[PDB]
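Just one chain follows, in the form deposited in one PDB entry, and it is written as structure tokens.
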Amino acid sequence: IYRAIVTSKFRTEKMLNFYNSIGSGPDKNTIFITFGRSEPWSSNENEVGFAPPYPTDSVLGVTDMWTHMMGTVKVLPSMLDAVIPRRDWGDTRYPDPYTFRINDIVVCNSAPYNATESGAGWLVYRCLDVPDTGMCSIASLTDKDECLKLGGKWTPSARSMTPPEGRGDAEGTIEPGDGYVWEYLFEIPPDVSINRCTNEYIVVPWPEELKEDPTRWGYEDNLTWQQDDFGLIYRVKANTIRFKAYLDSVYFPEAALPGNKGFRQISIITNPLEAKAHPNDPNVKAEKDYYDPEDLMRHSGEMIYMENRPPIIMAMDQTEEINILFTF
């Protein structure tokens, strides 16, 4: 009777809501990362290939996380980046370095096999069309239009000759002539590619910082902002946030003593409350940038993420980077 669905765009929207909800007051959320568990999982926890057991999503699991909690750190907006799968043009160290499909988002100018414009950071492009000669995900369909009309994924047999370059047409269209067609999307500045992007992911600017400094992301020429309001994240189906947070022992010396056993758990709690002199006292949203677990109220807030890992030892004046992915 009923035939409905939610679009790919909704996924990007749940991501933005999450990112945008972070702030202060009763309508916003405060996000904290917790670290804990100084006692071993088992005597083999330090051997290569060791996997610790999965955390348990139950009231017991939450209680356990709190009982072993050693410290907490407030997560700020600037610690969160929207990201998408990284696909480098011409990287002959991975399959299909010269073959792509409609909608693939490829990165150029990020390695010698990519080089196209000394003076520009990494450059990202979306494939708009491919050669008419190839193979369809649905084998029997040997015609591109037929393939695509039925919903098959066409993979061309004619390789991409040269990597796209420049910002293309007034519409961003680029025609290398090898039968491929590309659309310039944006640029990634070095401070970002160098410290925020990884082997598997690239950053895609949030709408606000984009609208704020179009030139920083080589976006000054874009016109689509007249309709999609600098919604680059929706244009590329971004639906994953990556945290880049830090644990500074300077703030938890009592747990970074010369021979401590390290920490093995990480979790994310939204809106934990502050500790209270008397249970019936008013609730206070924890907003300082860090807390000793005992200065927070036990079991308050909502534990939305739980992670167990092999131990990692903290030194008196060192810092541990914590990364975490949220797919929406």
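Basically, rigid core = biggest C-alpha set you can superpose within 1.5 Å across the two forms. In this text, residue numbers run from 1 along the sequence as written.
What comes next is about the form deposited in another entry, which does not appear here.
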Looking between the shown form and the other one after fitting on the rigid core, I'd like to know which of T173, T224, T215, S137 has a C-alpha displacement of 2 Å or more. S137
CA of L148, rigid core aligned, shift of 2 Å or more between the shown form and the other one: yes
Rigid core superposed: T319 CA moves 2 Å or more between the shown form and the other one: no
Any CA movement of 2 Å or more for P279 between the shown form and the other one, core superposed? no
What direction does the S24-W206 Cα distance move in the other form compared with the shown chain, closer or farther, given a change of 3 Å or more? closer
Look at the CA atoms of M69 and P26: state whether they lie closer or farther apart in the other form than in this form, given a difference of 3 Å or more. farther
